[PDB]
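Report on the following structure.
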């Protein structure tokens, strides 16, 4: 749980700095980390568009 | 369960609202001393960055 959350926190920081190309990890987990990851991916795509 | 799962769901819903263009909704859990807190601060920084745009 701890490491993936740190990782996704990192991912959100890169998106904030304008890097809309960095891959979002953990999109395929079957739990709540998975759901958070799918959210961040959708956010990433929404900002590209 | 209440210490980890629920906050993650909540922040997940917060990211969805930002994605829909709602840059005014408050980001919960900014004051936790753990990794949820770190994530929450990240999302708040993202939110502010998108307003400035």
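Protein chains in written order, with the authors' numbering: chain K, 280 to 328; chain L, 277 to 329.
Backbone N, C-alpha and C define an ideal beta-carbon position, used for all residues, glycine too.
query: Since residue 297 of chain K is in the alpha helix (DSSP H), which residue starts that stretch and which ends it?; result: Unbroken run through residue 297 of chain K: none, as it is neither H nor E.
query: Taking C-alpha atoms, which residue in L/289, L/295, L/328 and L/280 lies nearest to residue 326 of chain K?; result: L/295
query: In angstroms with no decimal places, state the Cα-to-Cα distance between residue 317 of chain L and residue 304 of chain K.; result: 19 Å
query: Between the Cα of residue 323 of chain K and the Cα atoms of K/311, K/300, K/312 and K/306, which residue gives the shortest distance?; result: K/300
query: Can you tell me whether DSSP reads residue 278 of chain L as helix, strand or coil?; result: coil
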